[PDB]
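*Asks:* One file is attached below, structure-v9.pdb, containing PDB, C-alpha atoms.
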```
MODEL        1
ATOM      1  CA  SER A   1     -32.330   8.612 -25.853  1.00  0.00           C
ATOM      2  CA  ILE A   2     -30.231   7.601 -22.870  1.00  0.00           C
ATOM      3  CA  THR A   3     -30.985   3.897 -22.676  1.00  0.00           C
ATOM      4  CA  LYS A   4     -28.748   1.336 -21.015  1.00  0.00           C
ATOM      5  CA  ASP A   5     -27.992  -0.201 -24.391  1.00  0.00           C
ATOM      6  CA  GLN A   6     -27.307   3.152 -26.004  1.00  0.00           C
ATOM      7  CA  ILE A   7     -24.666   3.606 -23.330  1.00  0.00           C
ATOM      8  CA  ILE A   8     -23.067   0.300 -24.246  1.00  0.00           C
ATOM      9  CA  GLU A   9     -22.482   1.425 -27.812  1.00  0.00           C
ATOM     10  CA  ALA A  10     -21.352   4.725 -26.341  1.00  0.00           C
ATOM     11  CA  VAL A  11     -18.429   3.148 -24.527  1.00  0.00           C
ATOM     12  CA  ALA A  12     -17.515   1.360 -27.734  1.00  0.00           C
ATOM     13  CA  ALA A  13     -17.623   4.722 -29.469  1.00  0.00           C
ATOM     14  CA  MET A  14     -14.706   6.232 -27.590  1.00  0.00           C
ATOM     15  CA  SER A  15     -11.146   5.075 -27.029  1.00  0.00           C
ATOM     16  CA  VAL A  16     -10.043   2.996 -24.065  1.00  0.00           C
ATOM     17  CA  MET A  17      -8.221   5.983 -22.622  1.00  0.00           C
ATOM     18  CA  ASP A  18     -11.294   8.161 -22.998  1.00  0.00           C
ATOM     19  CA  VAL A  19     -13.155   5.444 -21.132  1.00  0.00           C
ATOM     20  CA  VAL A  20     -10.601   5.379 -18.340  1.00  0.00           C
ATOM     21  CA  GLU A  21     -11.448   9.030 -17.815  1.00  0.00           C
ATOM     22  CA  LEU A  22     -15.136   8.181 -17.747  1.00  0.00           C
ATOM     23  CA  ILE A  23     -14.824   5.552 -15.043  1.00  0.00           C
ATOM     24  CA  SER A  24     -12.401   7.872 -13.293  1.00  0.00           C
ATOM     25  CA  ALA A  25     -14.863  10.743 -13.417  1.00  0.00           C
ATOM     26  CA  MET A  26     -17.465   8.837 -11.437  1.00  0.00           C
ATOM     27  CA  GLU A  27     -14.896   7.898  -8.820  1.00  0.00           C
ATOM     28  CA  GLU A  28     -14.374  11.585  -8.136  1.00  0.00           C
ATOM     29  CA  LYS A  29     -17.945  12.661  -8.778  1.00  0.00           C
ATOM     30  CA  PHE A  30     -19.493  10.174  -6.381  1.00  0.00           C
ATOM     31  CA  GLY A  31     -16.285  10.503  -4.400  1.00  0.00           C
ATOM     32  CA  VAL A  32     -16.235   6.754  -3.882  1.00  0.00           C
ATOM     33  CA  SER A  33     -12.490   6.791  -3.333  1.00  0.00           C
ATOM     34  CA  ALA A  34     -11.778   7.783   0.249  1.00  0.00           C
ATOM     35  CA  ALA A  35     -12.940   5.509   3.043  1.00  0.00           C
ATOM     36  CA  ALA A  36     -10.432   2.944   4.252  1.00  0.00           C
ATOM     37  CA  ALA A  37      -8.845   0.720   1.633  1.00  0.00           C
ATOM     38  CA  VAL A  38      -5.418  -0.773   2.228  1.00  0.00           C
ATOM     39  CA  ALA A  39      -1.997   0.844   2.225  1.00  0.00           C
ATOM     40  CA  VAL A  40       0.300  -1.114  -0.058  1.00  0.00           C
ATOM     41  CA  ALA A  41       2.878   1.615  -0.543  1.00  0.00           C
ATOM     42  CA  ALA A  42       5.514  -0.072  -2.671  1.00  0.00           C
ATOM     43  CA  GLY A  43       8.507   2.222  -3.004  1.00  0.00           C
ATOM     44  CA  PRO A  44      10.574   2.527  -6.190  1.00  0.00           C
ATOM     45  CA  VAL A  45      13.696   0.395  -6.396  1.00  0.00           C
ATOM     46  CA  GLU A  46      16.493   2.250  -4.647  1.00  0.00           C
ATOM     47  CA  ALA A  47      20.171   1.504  -4.149  1.00  0.00           C
ATOM     48  CA  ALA A  48      21.410   0.450  -0.731  1.00  0.00           C
ATOM     49  CA  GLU A  49      20.733  -3.273  -0.642  1.00  0.00           C
ATOM     50  CA  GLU A  50      21.272  -5.503   2.369  1.00  0.00           C
ATOM     51  CA  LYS A  51      23.644  -8.436   2.688  1.00  0.00           C
ATOM     52  CA  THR A  52      21.870 -11.013   4.819  1.00  0.00           C
ATOM     53  CA  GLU A  53      21.390 -13.750   2.250  1.00  0.00           C
ATOM     54  CA  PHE A  54      24.099 -16.364   2.639  1.00  0.00           C
ATOM     55  CA  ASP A  55      23.913 -19.888   1.270  1.00  0.00           C
ATOM     56  CA  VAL A  56      25.543 -22.817   3.027  1.00  0.00           C
ATOM     57  CA  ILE A  57      26.402 -25.700   0.729  1.00  0.00           C
ATOM     58  CA  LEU A  58      27.808 -29.057   1.768  1.00  0.00           C
ATOM     59  CA  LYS A  59      30.628 -30.360  -0.394  1.00  0.00           C
ATOM     60  CA  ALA A  60      32.058 -33.260   1.573  1.00  0.00           C
ATOM     61  CA  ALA A  61      30.783 -34.703   4.832  1.00  0.00           C
ATOM     62  CA  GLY A  62      34.328 -35.884   5.427  1.00  0.00           C
ATOM     63  CA  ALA A  63      35.194 -38.684   7.823  1.00  0.00           C
ATOM     64  CA  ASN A  64      32.316 -37.685  10.068  1.00  0.00           C
ATOM     65  CA  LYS A  65      29.103 -38.436   8.214  1.00  0.00           C
ATOM     66  CA  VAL A  66      27.564 -39.020  11.622  1.00  0.00           C
ATOM     67  CA  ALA A  67      28.130 -35.549  13.020  1.00  0.00           C
ATOM     68  CA  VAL A  68      27.262 -34.142   9.617  1.00  0.00           C
ATOM     69  CA  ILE A  69      23.920 -35.910   9.438  1.00  0.00           C
ATOM     70  CA  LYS A  70      23.244 -34.412  12.847  1.00  0.00           C
ATOM     71  CA  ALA A  71      24.149 -30.908  11.739  1.00  0.00           C
ATOM     72  CA  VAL A  72      21.952 -31.418   8.700  1.00  0.00           C
ATOM     73  CA  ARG A  73      18.732 -32.638  10.271  1.00  0.00           C
ATOM     74  CA  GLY A  74      19.603 -30.283  13.103  1.00  0.00           C
ATOM     75  CA  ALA A  75      19.722 -27.264  10.825  1.00  0.00           C
ATOM     76  CA  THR A  76      16.680 -28.434   8.903  1.00  0.00           C
ATOM     77  CA  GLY A  77      14.752 -31.270  10.504  1.00  0.00           C
ATOM     78  CA  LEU A  78      14.421 -33.596   7.538  1.00  0.00           C
ATOM     79  CA  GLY A  79      13.851 -37.288   8.152  1.00  0.00           C
ATOM     80  CA  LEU A  80      16.939 -39.290   9.039  1.00  0.00           C
ATOM     81  CA  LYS A  81      16.630 -40.878   5.617  1.00  0.00           C
ATOM     82  CA  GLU A  82      16.131 -37.648   3.709  1.00  0.00           C
ATOM     83  CA  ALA A  83      19.182 -36.272   5.476  1.00  0.00           C
ATOM     84  CA  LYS A  84      21.169 -39.392   4.671  1.00  0.00           C
ATOM     85  CA  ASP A  85      20.266 -39.241   0.999  1.00  0.00           C
ATOM     86  CA  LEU A  86      20.987 -35.525   0.952  1.00  0.00           C
ATOM     87  CA  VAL A  87      24.523 -36.011   2.209  1.00  0.00           C
ATOM     88  CA  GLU A  88      24.879 -39.052  -0.014  1.00  0.00           C
ATOM     89  CA  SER A  89      23.853 -36.845  -2.912  1.00  0.00           C
ATOM     90  CA  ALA A  90      26.644 -34.374  -2.251  1.00  0.00           C
ATOM     91  CA  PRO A  91      27.152 -31.789  -3.067  1.00  0.00           C
ATOM     92  CA  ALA A  92      23.928 -30.653  -1.440  1.00  0.00           C
ATOM     93  CA  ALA A  93      22.699 -27.235  -0.375  1.00  0.00           C
ATOM     94  CA  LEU A  94      22.210 -27.090   3.375  1.00  0.00           C
ATOM     95  CA  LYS A  95      20.564 -23.688   3.580  1.00  0.00           C
ATOM     96  CA  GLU A  96      19.739 -20.836   1.230  1.00  0.00           C
ATOM     97  CA  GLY A  97      19.418 -17.168   2.106  1.00  0.00           C
ATOM     98  CA  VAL A  98      20.121 -17.568   5.803  1.00  0.00           C
ATOM     99  CA  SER A  99      21.669 -15.161   8.279  1.00  0.00           C
ATOM    100  CA  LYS A 100      25.451 -15.022   8.206  1.00  0.00           C
ATOM    101  CA  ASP A 101      25.564 -15.790  11.910  1.00  0.00           C
ATOM    102  CA  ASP A 102      23.586 -18.955  11.286  1.00  0.00           C
ATOM    103  CA  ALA A 103      25.658 -19.852   8.248  1.00  0.00           C
ATOM    104  CA  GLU A 104      28.888 -19.515  10.189  1.00  0.00           C
ATOM    105  CA  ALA A 105      27.312 -21.297  13.132  1.00  0.00           C
ATOM    106  CA  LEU A 106      26.719 -24.484  11.178  1.00  0.00           C
ATOM    107  CA  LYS A 107      29.924 -23.963   9.233  1.00  0.00           C
ATOM    108  CA  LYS A 108      31.981 -23.995  12.408  1.00  0.00           C
ATOM    109  CA  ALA A 109      30.011 -27.056  13.444  1.00  0.00           C
ATOM    110  CA  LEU A 110      31.035 -28.844  10.268  1.00  0.00           C
ATOM    111  CA  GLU A 111      34.641 -27.849  10.845  1.00  0.00           C
ATOM    112  CA  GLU A 112      34.506 -29.108  14.412  1.00  0.00           C
ATOM    113  CA  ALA A 113      33.464 -32.457  12.991  1.00  0.00           C
ATOM    114  CA  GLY A 114      35.933 -32.183  10.136  1.00  0.00           C
ATOM    115  CA  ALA A 115      33.839 -31.640   7.029  1.00  0.00           C
ATOM    116  CA  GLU A 116      34.135 -29.493   3.927  1.00  0.00           C
ATOM    117  CA  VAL A 117      31.613 -26.679   3.704  1.00  0.00           C
ATOM    118  CA  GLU A 118      30.961 -24.017   1.094  1.00  0.00           C
ATOM    119  CA  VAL A 119      29.943 -20.424   1.713  1.00  0.00           C
ATOM    120  CA  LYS A 120      28.519 -18.382  -1.137  1.00  0.00           C
TER     121      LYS A 120
ATOM    122  CA  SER B   1     -23.491  16.550 -27.058  1.00  0.00           C
ATOM    123  CA  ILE B   2     -22.233  13.055 -26.333  1.00  0.00           C
ATOM    124  CA  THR B   3     -19.729  14.150 -23.715  1.00  0.00           C
ATOM    125  CA  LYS B   4     -18.288  11.913 -21.023  1.00  0.00           C
ATOM    126  CA  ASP B   5     -19.453  14.195 -18.237  1.00  0.00           C
ATOM    127  CA  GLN B   6     -23.008  13.759 -19.459  1.00  0.00           C
ATOM    128  CA  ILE B   7     -22.551  10.037 -18.948  1.00  0.00           C
ATOM    129  CA  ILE B   8     -21.471  10.755 -15.392  1.00  0.00           C
ATOM    130  CA  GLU B   9     -24.664  12.552 -14.443  1.00  0.00           C
ATOM    131  CA  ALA B  10     -26.444   9.727 -16.227  1.00  0.00           C
ATOM    132  CA  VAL B  11     -25.273   7.174 -13.691  1.00  0.00           C
ATOM    133  CA  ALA B  12     -26.158   9.679 -10.995  1.00  0.00           C
ATOM    134  CA  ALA B  13     -29.564  10.016 -12.611  1.00  0.00           C
ATOM    135  CA  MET B  14     -30.529   6.356 -12.592  1.00  0.00           C
ATOM    136  CA  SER B  15     -30.860   3.874  -9.755  1.00  0.00           C
ATOM    137  CA  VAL B  16     -27.968   1.686  -8.671  1.00  0.00           C
ATOM    138  CA  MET B  17     -29.896  -1.269 -10.041  1.00  0.00           C
ATOM    139  CA  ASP B  18     -30.073   0.397 -13.435  1.00  0.00           C
ATOM    140  CA  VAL B  19     -26.330   0.905 -13.184  1.00  0.00           C
ATOM    141  CA  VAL B  20     -25.806  -2.722 -12.237  1.00  0.00           C
ATOM    142  CA  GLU B  21     -27.749  -3.808 -15.298  1.00  0.00           C
ATOM    143  CA  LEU B  22     -25.656  -1.515 -17.464  1.00  0.00           C
ATOM    144  CA  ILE B  23     -22.303  -2.733 -16.201  1.00  0.00           C
ATOM    145  CA  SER B  24     -23.686  -6.249 -16.422  1.00  0.00           C
ATOM    146  CA  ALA B  25     -24.557  -5.562 -20.040  1.00  0.00           C
ATOM    147  CA  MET B  26     -21.156  -4.220 -21.021  1.00  0.00           C
ATOM    148  CA  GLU B  27     -19.632  -7.113 -19.115  1.00  0.00           C
ATOM    149  CA  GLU B  28     -20.989  -9.428 -21.785  1.00  0.00           C
ATOM    150  CA  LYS B  29     -20.525  -7.105 -24.737  1.00  0.00           C
ATOM    151  CA  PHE B  30     -16.923  -6.162 -24.062  1.00  0.00           C
ATOM    152  CA  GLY B  31     -16.465  -9.545 -22.425  1.00  0.00           C
ATOM    153  CA  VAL B  32     -16.296 -10.468 -18.760  1.00  0.00           C
ATOM    154  CA  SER B  33     -12.551 -10.794 -19.204  1.00  0.00           C
ATOM    155  CA  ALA B  34     -11.971  -7.284 -20.489  1.00  0.00           C
ATOM    156  CA  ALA B  35     -14.710  -5.744 -18.381  1.00  0.00           C
ATOM    157  CA  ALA B  36     -13.717  -7.770 -15.342  1.00  0.00           C
ATOM    158  CA  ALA B  37     -11.614  -4.815 -14.263  1.00  0.00           C
ATOM    159  CA  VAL B  38     -14.501  -2.416 -14.740  1.00  0.00           C
ATOM    160  CA  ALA B  39     -16.953  -4.758 -13.063  1.00  0.00           C
ATOM    161  CA  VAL B  40     -14.904  -5.167  -9.907  1.00  0.00           C
ATOM    162  CA  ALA B  41     -13.928  -1.513 -10.029  1.00  0.00           C
ATOM    163  CA  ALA B  42     -17.536  -0.438 -10.414  1.00  0.00           C
ATOM    164  CA  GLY B  43     -18.926  -3.130  -8.147  1.00  0.00           C
ATOM    165  CA  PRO B  44     -18.308  -0.997  -5.051  1.00  0.00           C
ATOM    166  CA  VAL B  45     -19.118   2.280  -6.762  1.00  0.00           C
ATOM    167  CA  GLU B  46     -22.636   1.013  -7.350  1.00  0.00           C
ATOM    168  CA  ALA B  47     -23.162  -0.423  -3.889  1.00  0.00           C
ATOM    169  CA  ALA B  48     -21.857   2.727  -2.247  1.00  0.00           C
ATOM    170  CA  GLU B  49     -24.759   4.628  -3.757  1.00  0.00           C
ATOM    171  CA  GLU B  50     -27.147   2.334  -1.924  1.00  0.00           C
ATOM    172  CA  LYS B  51     -25.231   2.909   1.288  1.00  0.00           C
ATOM    173  CA  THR B  52     -24.974  -0.849   1.652  1.00  0.00           C
ATOM    174  CA  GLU B  53     -21.225  -1.236   2.010  1.00  0.00           C
ATOM    175  CA  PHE B  54     -20.492  -2.226   5.588  1.00  0.00           C
ATOM    176  CA  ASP B  55     -17.289  -3.945   6.642  1.00  0.00           C
ATOM    177  CA  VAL B  56     -17.253  -6.587   9.351  1.00  0.00           C
ATOM    178  CA  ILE B  57     -13.830  -7.029  10.906  1.00  0.00           C
ATOM    179  CA  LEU B  58     -12.830  -9.554  13.541  1.00  0.00           C
ATOM    180  CA  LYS B  59     -10.709  -8.134  16.335  1.00  0.00           C
ATOM    181  CA  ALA B  60     -10.764 -10.841  18.980  1.00  0.00           C
ATOM    182  CA  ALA B  61     -12.253 -14.309  18.696  1.00  0.00           C
ATOM    183  CA  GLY B  62     -12.630 -14.212  22.461  1.00  0.00           C
ATOM    184  CA  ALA B  63     -13.012 -17.330  24.571  1.00  0.00           C
ATOM    185  CA  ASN B  64     -14.839 -19.041  21.732  1.00  0.00           C
ATOM    186  CA  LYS B  65     -12.361 -19.539  18.916  1.00  0.00           C
ATOM    187  CA  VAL B  66     -14.375 -22.607  17.987  1.00  0.00           C
ATOM    188  CA  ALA B  67     -17.662 -20.865  17.287  1.00  0.00           C
ATOM    189  CA  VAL B  68     -15.712 -18.032  15.709  1.00  0.00           C
ATOM    190  CA  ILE B  69     -13.874 -20.265  13.267  1.00  0.00           C
ATOM    191  CA  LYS B  70     -17.289 -21.622  12.359  1.00  0.00           C
ATOM    192  CA  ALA B  71     -18.757 -18.183  11.773  1.00  0.00           C
ATOM    193  CA  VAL B  72     -15.705 -17.338   9.701  1.00  0.00           C
ATOM    194  CA  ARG B  73     -15.532 -20.291   7.341  1.00  0.00           C
ATOM    195  CA  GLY B  74     -19.314 -20.214   7.477  1.00  0.00           C
ATOM    196  CA  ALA B  75     -19.461 -16.638   6.243  1.00  0.00           C
ATOM    197  CA  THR B  76     -16.703 -17.261   3.727  1.00  0.00           C
ATOM    198  CA  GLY B  77     -15.785 -20.893   3.190  1.00  0.00           C
ATOM    199  CA  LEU B  78     -12.017 -20.657   3.468  1.00  0.00           C
ATOM    200  CA  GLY B  79     -10.035 -23.740   4.412  1.00  0.00           C
ATOM    201  CA  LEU B  80      -9.977 -24.574   8.103  1.00  0.00           C
ATOM    202  CA  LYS B  81      -6.348 -23.502   8.073  1.00  0.00           C
ATOM    203  CA  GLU B  82      -6.873 -20.280   6.157  1.00  0.00           C
ATOM    204  CA  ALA B  83      -9.662 -19.442   8.574  1.00  0.00           C
ATOM    205  CA  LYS B  84      -7.452 -20.244  11.540  1.00  0.00           C
ATOM    206  CA  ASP B  85      -4.653 -18.022  10.295  1.00  0.00           C
ATOM    207  CA  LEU B  86      -7.155 -15.323   9.413  1.00  0.00           C
ATOM    208  CA  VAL B  87      -8.564 -15.255  12.926  1.00  0.00           C
ATOM    209  CA  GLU B  88      -5.067 -15.517  14.349  1.00  0.00           C
ATOM    210  CA  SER B  89      -4.053 -12.621  12.134  1.00  0.00           C
ATOM    211  CA  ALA B  90      -6.561 -10.261  13.704  1.00  0.00           C
ATOM    212  CA  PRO B  91      -7.669  -7.862  12.914  1.00  0.00           C
ATOM    213  CA  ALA B  92      -9.075  -9.591   9.854  1.00  0.00           C
ATOM    214  CA  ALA B  93     -11.828  -8.554   7.473  1.00  0.00           C
ATOM    215  CA  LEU B  94     -14.690 -11.028   7.586  1.00  0.00           C
ATOM    216  CA  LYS B  95     -16.767  -9.313   4.928  1.00  0.00           C
ATOM    217  CA  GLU B  96     -16.359  -6.241   2.755  1.00  0.00           C
ATOM    218  CA  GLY B  97     -19.095  -4.151   1.181  1.00  0.00           C
ATOM    219  CA  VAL B  98     -21.957  -6.283   2.442  1.00  0.00           C
ATOM    220  CA  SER B  99     -25.517  -5.379   3.356  1.00  0.00           C
ATOM    221  CA  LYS B 100     -25.942  -3.999   6.855  1.00  0.00           C
ATOM    222  CA  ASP B 101     -28.413  -6.755   7.644  1.00  0.00           C
ATOM    223  CA  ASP B 102     -25.786  -9.325   6.739  1.00  0.00           C
ATOM    224  CA  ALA B 103     -23.092  -7.489   8.662  1.00  0.00           C
ATOM    225  CA  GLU B 104     -25.225  -7.374  11.786  1.00  0.00           C
ATOM    226  CA  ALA B 105     -26.245 -10.976  11.240  1.00  0.00           C
ATOM    227  CA  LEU B 106     -22.733 -12.312  11.696  1.00  0.00           C
ATOM    228  CA  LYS B 107     -21.993  -9.635  14.268  1.00  0.00           C
ATOM    229  CA  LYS B 108     -24.799 -10.864  16.490  1.00  0.00           C
ATOM    230  CA  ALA B 109     -23.500 -14.367  15.890  1.00  0.00           C
ATOM    231  CA  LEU B 110     -20.089 -13.370  17.194  1.00  0.00           C
ATOM    232  CA  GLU B 111     -21.692 -11.757  20.221  1.00  0.00           C
ATOM    233  CA  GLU B 112     -23.736 -14.870  20.896  1.00  0.00           C
ATOM    234  CA  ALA B 113     -20.465 -16.767  21.044  1.00  0.00           C
ATOM    235  CA  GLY B 114     -18.764 -13.974  22.949  1.00  0.00           C
ATOM    236  CA  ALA B 115     -16.314 -12.416  20.521  1.00  0.00           C
ATOM    237  CA  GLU B 116     -15.194  -8.888  19.728  1.00  0.00           C
ATOM    238  CA  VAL B 117     -16.318  -7.619  16.343  1.00  0.00           C
ATOM    239  CA  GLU B 118     -15.762  -4.349  14.522  1.00  0.00           C
ATOM    240  CA  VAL B 119     -18.243  -2.491  12.350  1.00  0.00           C
ATOM    241  CA  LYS B 120     -16.961   0.254  10.081  1.00  0.00           C
TER     242      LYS B 120
ENDMDL
END
```
Show the structure stored in the file as structure tokens.
*Replies:*
Amino acid sequence: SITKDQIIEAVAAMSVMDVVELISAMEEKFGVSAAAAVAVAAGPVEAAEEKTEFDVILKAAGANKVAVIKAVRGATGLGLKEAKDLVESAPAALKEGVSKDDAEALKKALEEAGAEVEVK
Amino acid sequence: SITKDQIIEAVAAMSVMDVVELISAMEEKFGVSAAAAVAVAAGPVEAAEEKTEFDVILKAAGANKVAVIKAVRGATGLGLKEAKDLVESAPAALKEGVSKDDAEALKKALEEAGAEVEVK
């Protein structure tokens, strides 16, 4: 009496774990687990983190909203308006999680114009 | 003697179709939500037994990215963009675990257009 149905009630006769073994058995039996598949080798969290995530915030455009607006749209590319509003909505984040070099690049640009920047 | 092993040889005793029916049954019983994992996990296991799991990969669209993109979205139905990226992200799997006939069908289509396909 090995009917399809009988098997259904059979799976509901054992525990989930016991079932996991079942399904697993076939995998090995029919050896349907060794062809190509994908890698996806996610390693376990390990110390030694990087530090390349700097955020450049704009506090005050200063007496050079013009140059600022340029630096803004220049660093991003938002519409003149968007950029305007952004600055007008100070403080406003310029960039988030950008390379230090880039952060300092714009920063120095702001300074050259005479604006207040924030590095965090 | 209602062992698990015995259930293993049971699947290896019946035809893939009979196994499909089974899984399909449980799918409803235990629910398609709870069995979903088993269904997708067993989906390939069953097909493998029929030796009807061929993978069609796209290596190079060739000098006919147009026709290719068509074949792609045509074989799948992904957004124009998605398809574009896919092709541009070669190699890219077009189909996975499909009938040989189907695999060769698209393959020949690619050739007709003049593209490089991969069958594995």
*Asks:* Given identical sequences, can you show me chain B least-squares superposed on chain A via all its Cα atoms in order, as a compact mmCIF listing (two decimals) with C-alpha atoms, in the frame of the given file?
*Replies:*
```txt
# COMPACT_ATOMS: atom_id res chain seq x y z
CA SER B 1 -11.35 5.96 -22.27
CA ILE B 2 -11.38 3.78 -19.18
CA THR B 3 -9.93 0.75 -20.91
CA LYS B 4 -8.17 -2.11 -19.16
CA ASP B 5 -5.03 -1.69 -21.23
CA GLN B 6 -4.74 1.86 -19.96
CA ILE B 7 -4.66 0.43 -16.46
CA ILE B 8 -1.80 -1.80 -17.54
CA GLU B 9 0.44 1.05 -18.62
CA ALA B 10 -0.63 2.72 -15.40
CA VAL B 11 1.08 0.10 -13.27
CA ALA B 12 4.04 0.35 -15.62
CA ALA B 13 3.94 4.10 -15.12
CA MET B 14 4.15 4.14 -11.34
CA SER B 15 6.74 2.75 -8.96
CA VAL B 16 6.45 -0.74 -7.52
CA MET B 17 5.81 0.87 -4.16
CA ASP B 18 2.86 2.76 -5.61
CA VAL B 19 1.62 -0.55 -6.95
CA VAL B 20 2.08 -2.20 -3.57
CA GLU B 21 0.00 0.52 -1.96
CA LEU B 22 -2.69 0.04 -4.58
CA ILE B 23 -2.95 -3.72 -4.19
CA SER B 24 -2.79 -3.18 -0.45
CA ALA B 25 -5.71 -0.80 -0.78
CA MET B 26 -7.90 -3.13 -2.81
CA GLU B 27 -6.93 -5.89 -0.41
CA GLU B 28 -8.95 -4.12 2.26
CA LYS B 29 -11.71 -2.83 0.01
CA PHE B 30 -12.48 -6.09 -1.74
CA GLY B 31 -11.36 -7.90 1.38
CA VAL B 32 -8.12 -9.73 2.10
CA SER B 33 -10.05 -12.95 1.59
CA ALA B 34 -11.26 -12.18 -1.90
CA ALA B 35 -8.15 -10.25 -2.87
CA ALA B 36 -5.88 -12.80 -1.24
CA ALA B 37 -5.58 -14.45 -4.64
CA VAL B 38 -4.72 -11.17 -6.31
CA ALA B 39 -2.34 -10.18 -3.54
CA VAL B 40 -0.29 -13.36 -3.73
CA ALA B 41 -0.60 -13.37 -7.50
CA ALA B 42 0.56 -9.78 -7.72
CA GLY B 43 3.04 -10.05 -4.88
CA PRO B 44 5.74 -11.37 -7.22
CA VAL B 45 4.68 -9.24 -10.16
CA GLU B 46 5.48 -6.16 -8.12
CA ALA B 47 8.78 -7.40 -6.74
CA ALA B 48 9.93 -8.53 -10.16
CA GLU B 49 9.82 -4.92 -11.30
CA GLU B 50 12.33 -4.04 -8.61
CA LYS B 51 14.53 -6.91 -9.72
CA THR B 52 14.55 -8.12 -6.14
CA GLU B 53 13.35 -11.68 -6.61
CA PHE B 54 16.28 -13.99 -5.96
CA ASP B 55 15.86 -17.64 -5.04
CA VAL B 56 18.18 -19.34 -2.59
CA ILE B 57 18.21 -23.11 -2.98
CA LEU B 58 20.08 -25.61 -0.85
CA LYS B 59 21.86 -28.31 -2.82
CA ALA B 60 24.16 -29.92 -0.28
CA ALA B 61 24.30 -29.25 3.44
CA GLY B 62 27.90 -30.41 3.28
CA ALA B 63 29.81 -31.61 6.32
CA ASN B 64 27.86 -29.22 8.51
CA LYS B 65 24.26 -30.40 8.55
CA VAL B 66 24.05 -28.91 12.03
CA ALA B 67 24.82 -25.32 11.09
CA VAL B 68 22.75 -25.80 7.96
CA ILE B 69 19.66 -26.94 9.82
CA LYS B 70 20.12 -23.84 11.94
CA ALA B 71 20.36 -21.54 8.95
CA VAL B 72 17.29 -23.23 7.52
CA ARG B 73 14.90 -23.09 10.45
CA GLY B 74 16.55 -19.76 11.22
CA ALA B 75 15.67 -18.35 7.82
CA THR B 76 12.23 -19.92 7.91
CA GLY B 77 11.18 -21.32 11.26
CA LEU B 78 9.93 -24.73 10.18
CA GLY B 79 9.83 -27.55 12.70
CA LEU B 80 13.14 -29.27 13.35
CA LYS B 81 11.72 -32.25 11.49
CA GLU B 82 10.35 -30.30 8.55
CA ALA B 83 13.73 -28.61 8.26
CA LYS B 84 15.51 -31.94 8.43
CA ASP B 85 13.37 -33.44 5.69
CA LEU B 86 13.71 -30.27 3.66
CA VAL B 87 17.50 -30.41 3.77
CA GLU B 88 17.38 -34.15 3.18
CA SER B 89 15.11 -33.52 0.22
CA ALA B 90 17.68 -31.40 -1.58
CA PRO B 91 17.53 -29.57 -3.63
CA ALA B 92 15.20 -27.47 -1.51
CA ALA B 93 14.18 -23.84 -1.81
CA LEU B 94 15.30 -21.89 1.24
CA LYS B 95 13.79 -18.59 0.14
CA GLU B 96 11.81 -17.40 -2.86
CA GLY B 97 11.58 -13.88 -4.22
CA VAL B 98 13.77 -12.31 -1.55
CA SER B 99 16.08 -9.32 -1.67
CA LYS B 100 19.52 -10.05 -3.06
CA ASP B 101 21.08 -8.78 0.15
CA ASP B 102 19.06 -11.31 2.10
CA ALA B 103 19.84 -14.08 -0.37
CA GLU B 104 23.56 -13.41 -0.13
CA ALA B 105 23.27 -13.08 3.63
CA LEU B 106 22.21 -16.68 4.12
CA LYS B 107 24.41 -17.78 1.25
CA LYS B 108 27.50 -16.46 2.99
CA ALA B 109 26.24 -18.14 6.13
CA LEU B 110 26.12 -21.48 4.34
CA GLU B 111 29.62 -20.91 3.01
CA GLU B 112 30.89 -20.06 6.47
CA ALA B 113 29.61 -23.44 7.58
CA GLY B 114 30.82 -25.10 4.41
CA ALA B 115 27.70 -25.96 2.44
CA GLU B 116 26.72 -25.85 -1.22
CA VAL B 117 24.15 -23.21 -2.07
CA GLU B 118 22.44 -22.25 -5.30
CA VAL B 119 21.55 -18.76 -6.47
CA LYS B 120 19.11 -18.38 -9.34
```
*Asks:* Carefully work through the PyMOL selection byres ((chain A) within 6 of (chain B)) for this structure and note down the residues it includes, as a list in words.
*Replies:*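 Evaluating the PyMOL selection byres ((chain A) within 6 of (chain B)) on these coordinates yields residues 4, 8, 22 and 26 of chain A.
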*Asks:* Enumerate, as a list in words, the residues matched when the PyMOL selection byres ((chain A and resi 62) around 9) is run on the file above.
*Replies:*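 On this input, the PyMOL selection byres ((chain A and resi 62) around 9) captures residues 59, 60, 61, 63, 64, 65, 68, 113, 114, 115 and 116 of chain A.
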*Asks:* Using all atoms of range 4-21 of chain A listed in the file and a margin of 8 Å per side, can you give the axis-aligned box centre and edge lengths in Å to one decimal, as lines of an AutoDock Vina configuration file?
*Replies:*
```
center_x = -18.5
center_y = 4.4
center_z = -23.6
size_x = 36.5
size_y = 25.2
size_z = 27.7
```
*Asks:* Hey, can you check how far CA of residue 56 in chain B sits from CA of residue 24 in chain B?
*Replies:* 26.6 Å
*Asks:* Quick one: residues within 8 Å of residue 93 in chain A, all atoms listed in the file counted, chain neighbours fewer than 6 positions away excluded, as an mmCIF file with C-alpha atoms, keeping the file's coordinate frame?
*Replies:*
```cif
data_model
loop_
_atom_site.group_PDB
_atom_site.id
_atom_site.type_symbol
_atom_site.label_atom_id
_atom_site.label_comp_id
_atom_site.auth_asym_id
_atom_site.auth_seq_id
_atom_site.Cartn_x
_atom_site.Cartn_y
_atom_site.Cartn_z
ATOM 1 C CA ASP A 55 23.913 -19.888 1.270
ATOM 2 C CA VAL A 56 25.543 -22.817 3.027
ATOM 3 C CA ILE A 57 26.402 -25.700 0.729
ATOM 4 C CA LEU A 58 27.808 -29.057 1.768
#
```
*Asks:* Which residue is closest to residue 102 in chain B? Choose from B:78, B:32, B:118, B:53 and count all atoms listed in the file.
*Replies:*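 Between B:78, B:32, B:118, B:53, the residue approaching residue 102 in chain B most closely is B:53.
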*Asks:* Kindly provide, as a list in words, the polymer residues lying within 10 Å of (23.6, -9.2, 4.7), counting all atoms listed in the file and using the coordinates exactly as they appear in the file.
*Replies:*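 Residues with an atom at most 10 Å from (23.6, -9.2, 4.7): residues 49, 50, 51, 52, 53, 54, 97, 98, 99, 100 and 101 of chain A.
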